[PDB]
Structures are given as C-alpha cells and as structure tokens.
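> Partial complex here, more coming in a sec:
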Amino acid sequence: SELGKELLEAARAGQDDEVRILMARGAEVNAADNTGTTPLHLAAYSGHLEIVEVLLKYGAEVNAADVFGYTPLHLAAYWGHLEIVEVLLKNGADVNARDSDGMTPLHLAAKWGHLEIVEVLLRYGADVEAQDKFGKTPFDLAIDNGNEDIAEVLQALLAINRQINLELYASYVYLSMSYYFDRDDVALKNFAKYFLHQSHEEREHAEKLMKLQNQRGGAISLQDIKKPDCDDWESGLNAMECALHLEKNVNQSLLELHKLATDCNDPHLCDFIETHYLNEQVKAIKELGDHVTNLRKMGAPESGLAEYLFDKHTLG
Amino acid sequence: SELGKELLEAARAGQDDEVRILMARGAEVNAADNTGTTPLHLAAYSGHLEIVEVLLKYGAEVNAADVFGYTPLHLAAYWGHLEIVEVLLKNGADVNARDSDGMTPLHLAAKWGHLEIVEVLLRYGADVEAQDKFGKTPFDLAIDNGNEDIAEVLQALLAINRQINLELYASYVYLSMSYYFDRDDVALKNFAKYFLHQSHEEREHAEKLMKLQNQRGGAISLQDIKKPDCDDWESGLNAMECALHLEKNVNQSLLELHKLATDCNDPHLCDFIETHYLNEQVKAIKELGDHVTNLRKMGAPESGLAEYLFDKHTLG
C-alpha cells in the first residue's frame, strides 16, 4: 500500500489523472484499510464512473465486503448512482448480497425511492422475497416510505410469477388423475384421455403467461412444483369434484390478479386476462359441474354401471 | 363392557356363533381393556376373518392404537394373515401407521418375509422410504433377514420412481433455458424454439415411464420437482454445455436402472429401456457435442456474430 492511500485520496476526491498516473506507476488496486474500505468503495460512494472503470480494468474486487457487509453495489444503490450500478452488475457483482442486517441492495433502492436502480436490479435477478432481520421485504420498505410506484411494480411481478407456478401445479394434478384411471383395477380409458387433455391445456396456459411476461420486459422466476394431494383418487365422481374445486381456486386467483392490475392502471394486462383466461374458466366450471350432476343422477359411485356408461357416452 | 369381555373371550377363541348371539343382544364393539386391546385386535391376531367382518359390520374402530402403537393392521401383517389385511385396507385402515418404534406394517411384512402382504400394502400406497428409530427402511429389514425377492421388488420400484422424477426435472430445465433466450436482451429465437422442443420431448419420456409402470401393476409415486440451477444462462455456448452435462447424467442413471433390471431377471424391462431410451440418449449426446464444437470453432461466446449465424444456419 505504498500507493494504496494515494489511491484512497484520489478515490475520495475524484481525479482521473491521479489514478491514471498511479496505474502508470502500477499502484495496487486492492488496498484495504483497517475497516475493509477499498478504493472501489470510495469510487462508488463518490459517483465518478471513470475511476470505477479503470479500477475494474486493473482487476479490483467487485464483491469486497467491509466489516459491516457492504459492497460497492450496496453503496451505489444507497446514493442513487445508476451507471456505476450497471457497470458493477456488468462485471459480476452479486445482486443478492446481504449486509450485516441482511438487507440486499434492492432493499436500499426500494427504501430510498430509486426506480431505475430497482428495475436494473430486477433485470439481473434480484430476489423479491428477501427478508432482513426484521422480516421486511423490499415491498414493505417501499410502502413504509411512500414509494407507491415501486411497490406497484414489486407486487405485480410477484403476482404474475405466482400465477405461473399455479398453472404449472394444476397440470401435474391432471397428470396424476389421468394415470390413475388406466391402472388395471381402474379400467376407464376415456377418463384417462380426458384428464391428459386437461394436463396439456394447463401447460399451454402457463406458457402463455411466460410469453406475456417476456413481452413486458419483466423477470420470470420459477419455483418448485409440489406433488398433488393424492396418488389415489377414488372414483370418477370424486376426481371430477376435485377438478371442479381446483378450477374454482384458479379462477379466484385470476380475479385477484385482475383487481391488482386495475389498481395499477394497466389496461393491457386487464384485457389480456379477460380475453385469454376469464372465459375459459367459466366454460370449464360449467362443464365440470355438468359432469358432476350427471354422474350423481346416474347413481355413481356406488353404481359401477353408471361410470362405465358415462365413460362410453359422454367422454367417448 | 357388560358383554365386552364376553366379546374378548370369543375374539381370543374364535366363535362366530358366540359373537352372532352377542350382536343379537347388542354387545358393544369398542371394548377397550387397560392396555387398549380391542376385540378387533384379538380378532386380527387370531386370524378368523368372520369375527373381523362382523365387528366391522357393527362399526368397530379400524385404527385403534394400543399403548404400544399397534393397530389391527400391524398385528395382521406380523402374523401373515392376508385376507384380514385386505379387508382392513378395504375399510379404511391407515397404511402408513407408525408404532412406538416408528415401524409401519410394511416394515413388519418385509422383516418377516410375507410377499403377498407386501404387494397388497404397496398397492394401497405404503411408503417405501419410511425409516424407524434406527433409520432402517423396509429394504434394509428385508436384506438383513435374507428376503431377497422382497428387496428386489422394493429396489426396482424406487428406482423407476426416481427415473420418473428425473425426467420431469429435465423438462423444467429446458423450459427455463427456452424462456431465457427470448428476453429482449437475448434475442435468439431459434435457440428458444430448440429448447422448447426438448422440454416437450422430456415430458413425453416421463409419460412413457408412467405408462410402463401402470402396465406392470406397480405404484406410481410422485415427488416435488425442484427448480433449475440458474435463472440466467450466459450464452448459447454455456447453455449447450449445460444441456450436454444434463443428458449425460440422465444416461448414467438409465444405465444403472438397466443393470438393476438385469440383476432382478426382468427381460421385459431391459428390452423396454434399450429400445426406447438408450439410443435416444446416444443421439442427443452426439448432437449436443456437435453443437458445442461448432460454436467453439466459430469463436463464441466472445463473438456475437458467431451465435447469430449459428442461430440462422444450424437451428434455422
């Protein structure tokens, strides 16, 4: 650190000429003080992009944590410097870095009200659901400080990702149902064919939502798909009733998504939902209620003749 | 319990006439002693199906636990009485009931070597992976006591279910990859089209394994599908290399499944694997290695002209 504090003073003061001469003399770029503050940290805190650029040209550490846990990305997000946030992310800065409080840079940018920083951070995969030591998400810090547009963006993104996961879940339940109905002790081929058709339709619904999210410039974020509630359904009637309950749940979440889109003043999302999703749900619920009442009138489940003939005449 | 011990003596001794007269007098069926032993427990321990049938006709408790945790299903599985196991399962006996040791009835039937009980229990959804206080699965208790055919059945079932889950996993990785390549900052349409095609092919592979498992009379058992390792792939080259690594892993697990099937003397499973799975894996690995070497020779990833022209000419 023979020229390391000579880099610290120029990083505090912002002289491109001084750091150009120090790199002409080969000054060390990883000069850490007693508390871990690097020349890159002061370059970020100051807001001069040129010293940051040349520090990264000579191989400064992009993810150097101090004694408090802050990286240059944290300080850049605090003070609202967009270009250095962009070039730090361009050089492999960890977007979900936690400090001593567990606060990611997205927490800071949502707490202080910087839109463009929030959007660039969301583009690189910042976690929407990260909680700090108090159990606060960035959505909570944005509503507590009156940054309502940030909270709108953060709420809509989470809601669309949850709808994608919910459509992927329903396809797997139908797969389970379909392969229950061609076991050799449940020999109903048209039930199995019907539920395989529903499985593929739900896969298409999820893919449509993914395409929509890519057209808007939002960030798809996938989660686990959990296993269905049963491996063993019990009859055709019971499986039809479970399918009706499922489609009603999906319709309810779609209505909540539409109300959220109407609060956020997004007419394109509202028209997308009511054109491709809201009428199909109504049709499906009408058809499944039809199937349930006909099966109950014929005398199922305690009549094995009823499910055989329903298999032949309605599903055939 | 004015006639409850009068039911206990006939349950110990097995008189259908005595219990018929006691039900003509309306004897109570839920007569618990000081240690919880019901008339159904002794009816199961004895092995006379008629007293069990009439006890269930008058509404005896099928899932009555004693002070040690045993139900009638536990004792029935211990002593090897098939018909009463069947009718207990037919009346809603819990197939995964744990005792004080955490040992399910499947643990007992595997420890003592009763094949037909094991198979009827597997039909109703018995957990293959249940561990007792020592961390023993029924497979461990079957190998420790020399019941090699039980262990063969238990091993093959688990292996096919894991292959189903592994094919479902690979489809979701390809879905992730496909929707990475049509982000507005990754504008490669033919990459995205290619990976959507692979996603649907893997869904078909999993469904074929499910159909095979239903033809043999085995029990499909579905698990969670975990999310892919990345949301952000980095280039066409990096995604092609990850896809190659993935298909090599799948091929290795298929080879282990084939070796297990050859130890179990199952020629139909061996021919199924080598007819529908082993040649497709070889083709896929050859094609993905082709793509990787051509992309590396053209100069990717650090040439953006290389991936554009590969997109046009090879994937177009």
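Thanks, I have it. Numbers count the residues shown, from 1 in each chain, chains lettered A, B, ... in the order given.
> Residue numbers of chain A in contact with chain B?
Residues of chain A lying close to chain B (CB under 8 Å from any CB of the partner chain) are A:123-125, A:172, A:175-176, A:179, A:182-184, A:203, A:210-211, A:214, A:217, A:219-228, A:231-232. In this view, the C-beta of every residue, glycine as well, is placed from N, C-alpha and C.
> If any of those are buried, give me the ChimeraX selection for them.
For the buried members of these, the matching ChimeraX selection, counting by 16 or more other CB atoms under 10 Å in any protein chain shown, is:
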select /A:123,124,172,175,176,179,182,183,203,210,214,219,220,221,222,225,227,228
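> Among the residues of chain A next to chain B, which lie within strands?
Judged by DSSP state E, those include no members of strands.
> taking the residues of chain A next to chain B one by one, which sit in helices?
Members of the residues of chain A next to chain B lying in helices (criterion: DSSP state H): A:123, A:172, A:175, A:176, A:179, A:203, A:210, A:211, A:214.
> Contacts only, for the fifth one.
For residue A:179, the set of contacting residues under the criterion of CB atoms under 8 Å, 6 or more residues apart in numbering or on different chains consists of A:192, B:210, B:211, B:214, B:220.
> ok so, going back, quick check: of the ones in helices among the residues of chain A next to chain B, which lies closest to residue B:100?
residue A:176 (33.4 Å; CB to CB).
> And whichever helix or strand residue A:201 is part of, how far out from the chain middle?
For residue A:201, the host element (DSSP states H and E) is helix A:189-216. Taking CA atoms, centre = their mean, to the nearest Å, the mean C-alpha location of helix A:189-216 is offset from the chain mean by 20 Å.
> Stretch A:295-304 too?
Distance of stretch A:295-304 from its chain centroid, counting by CA atoms, centre = their mean, is 44 Å.
> Same check on stretch A:108-118?
18 Å.
> tell me the contacts of residue A:122?
When contacts are counted by CB under 8 Å, 6+ apart, residue A:122 touches A:106, A:128, A:153, A:157, A:218, A:219.
> what secondary structure does the first one sit in?
At residue A:106, secondary structure determined by DSSP: H, G, I helix; E, B strand; the rest coil is helix.
> Could you pull out the helices in the stretch 201-316 of chain A for me?
In the stretch 201-316 of chain A, the helices defined using DSSP state H, counting those that start in this stretch lie at A:236-263, A:267-276, A:278-298, A:304-313.
> distance between the second one and the chain's centre?
Think helix A:267-276. 20 Å.
> for the longest one, same thing?
How far helix A:236-263 lies from its chain's middle: 21 Å, per CA atoms, centre = their mean.
> Could I get the full set of strands for the stretch 1-150 of chain A?
With DSSP state E, counting those that start in this stretch, there are no strands along the stretch 1-150 of chain A.
> For residue A:69, see how far away the residue of it found nearest chain B is.
Sorted by distance to chain B under CB to the nearest CB, the residues of the stretch 1-150 of chain A start with residue A:125, at 5.5 Å. Separation of residue A:125 from residue A:69 (CB to CB, to the nearest Å) stands at 20 Å.
> what does residue A:295 give?
Using CB to CB, residue A:295 is found at 61 Å from residue A:69.
> of those two, who's got more company?
More crowded of residue A:295 and residue A:69, by other CB atoms under 10 Å in any protein chain shown: residue A:295, with 22 against 15.
> Skipping adjacent residues, who's closest to that one in space?
Spatial nearest neighbour of residue A:295, chain neighbours left out: residue A:237 (4.8 Å); criterion: CB to CB, 6 or more residues apart in numbering or on different chains.
> For the residue nearest the centre of chain A, which residues are in contact?
Ranked by distance to the mean C-alpha position of chain A (CA atoms, centre = their mean), the top residue is residue A:221 at 3.6 Å. Residue A:221 makes contacts with A:125, A:128, A:161, B:231, as judged by CB under 8 Å, 6+ apart.
> what's the answer for residue A:213, then?
Applying CB under 8 Å, 6+ apart, we find residue A:213 in contact with A:160, A:164, A:219, A:220.
> tack on chain C:
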Amino acid sequence: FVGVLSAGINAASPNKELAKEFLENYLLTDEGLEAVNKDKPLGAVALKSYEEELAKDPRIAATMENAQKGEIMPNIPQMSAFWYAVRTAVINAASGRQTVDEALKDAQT
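With chain C now in place:
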C-alpha cells in the same frame, strides 16, 4: 435366583464342635444327603461328590448349571423394597402405563 438351603448354628450355642461334626462328617457327605433324599430330595446340593451322584438325573444337572450361572439371593433387608420396587416396574411394562426406561428408573429410586 440361587436359593441355598443352609444349616445355621445358633450363636448362643455352647455346642459348636458337636454340631460341626454332625454337619461335616455326617450331613454333608454321601450317606447323609442320601438318607435325607430317600424321603424328600434336595435337587442340586452343595457337596461335590453327591452332585456327581445326583447328576444322572438331568433335572439336577439343569438345576446346578442354572445355579452356577445364576445370581445368589441377597441377604439384606433392602431386598424387600426391591420386591416392592421392580415388581411395579413390570406392572408399568406389561400393562404399558409407562415405557421401559420410565418403569426401570421408577424402580431405581
């Protein structure tokens, strides 16, 4: 439990050597145990030679091997509380009111 029938000499006796002679040279010999066993047997006896005489009966051999591998009965009065403690242990065990460890550590104190 090894239960040993023995012949105690009274501690107030001035007849020590007479009874010792009667016990050693007449009782605990072949003919003394033979004469008492003609009316009622003693099973496993303490004298080695008479054990070899009676070991042709396999009941006697089984009794002496269980006796030599068994636990000698305690001569102490706390044993009484033993018969009050550990008995309740199995009353908590075969009845299932307690578990194994609960019953045994309840019989411990």
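> picking up where we left off before, in the helix holding residue A:201, which residues are buried?
If you call a residue buried by 16+ other CB under 10 Å, then helix A:189-216 has these buried ones: A:190-192, A:194-196, A:198-199, A:202-203, A:205-207, A:209-210, A:212-214.
> residues near residue A:75, how many?
The number of residues packed near residue A:75 is 23, by other CB under 10 Å.
> residues in contact with it?
Contacts of residue A:75 by CB under 8 Å, 6+ apart are A:41, A:44, A:45.
> How many residues are close by the residue lying closest to the first one once chain neighbours are set aside?
Same thing as residue A:41. With CB to CB, 6+ apart as the criterion, residue A:41 has its nearest non-adjacent residue at 5.6 Å, and that residue is residue A:72. With neighbours defined by other CB under 10 Å, the count for residue A:72 comes to 30.
> got it, and residue A:59?
By other CB under 10 Å, 9 other residues sit near residue A:59.
> Look up how far residue B:148 lies from it.
Residue A:59 sits 61 Å away from residue B:148, going by CB to CB.
> go on, residue A:126?
Distance, residue A:126 to residue B:148, by CB to CB: 54 Å.
> between the two, which one's more packed in?
residue A:126 (23 against 12).
> Was I right to think the more buried one contacts residue A:108?
No - counting by CB atoms under 8 Å, residue A:126 stays clear of residue A:108, with 11.1 Å between them.
> Identify the residue of chain C closest to chain B, quick one.
The nearest approach of chain C to chain B comes at residue C:96, 3.2 Å away (CB to the nearest CB).
> Identify the spatial nearest neighbour of that residue, chain neighbours not counted.
residue B:67 (3.2 Å).
> Likewise for residue A:86?
Distances taken as CB to CB, 6+ apart put residue A:120 closest to residue A:86, at 6.0 Å, once the chain neighbours are dropped.
> contacting residues around that neighbour?
Residues in contact with residue A:120 (CB under 8 Å, 6+ apart) are A:82, A:85, A:86, A:89.
> do you know how far residue A:117 is from residue A:107?
Counting by CB to CB, the separation of residue A:117 from residue A:107 is 12 Å.
> Equivalent analysis for residue C:21, please.
Taking CB to CB as the measure, residue C:21 falls 103 Å from residue A:107.
> So these two - more neighbours on which side?
When neighbours are counted by other CB under 10 Å, residue C:21 and residue A:107 differ, and residue A:107 comes out ahead with 25 against 11.
> any idea how far that one lies from residue C:101?
From residue A:107 across to residue C:101, the span is 51 Å (CB to CB).
> longest helix of chain C?
If you go by DSSP H, chain C has its longest helix at helix C:78-93.
> Around the closest residue to residue A:121 other than its chain neighbours, count how many other residues there are.
Counting by CB to CB, 6+ apart, residue A:121 lies nearest to residue A:106, which is 5.1 Å off, once chain neighbours are set aside. Counted with other CB under 10 Å, the neighbours of residue A:106 add up to 25.
> hang on, residue A:106 packs against residue A:130?
Yes - using CB under 8 Å, residue A:106 makes contact with residue A:130 at a distance of 7.0 Å.
> shared neighbours of these two, anything?
residue A:138.
> how close does the residue in chain C that chain A sits nearest to get to residue B:229?
In chain C, the residue found nearest to chain A is residue C:96; the distance is 33.5 Å by CB to the nearest CB. Distance, residue C:96 to residue B:229, by CB to CB: 51 Å.
> got it, and residue A:42?
Between residue A:42 and residue B:229 the computed distance is 36 Å (CB to CB).
> near chain B, which residues of chain C show up?
Residues of chain C found near chain B (CB under 8 Å from any CB) are C:95, C:96, C:97.
> repeat that for 10 Å
Residues of chain C found near chain B (CB under 10 Å from any CB of the partner chain) are C:94, C:95, C:96, C:97, C:98, C:99.
> now, among those, which is nearest to residue A:313?
For those, the nearest to residue A:313 is residue C:96 (57.4 Å; CB to CB).
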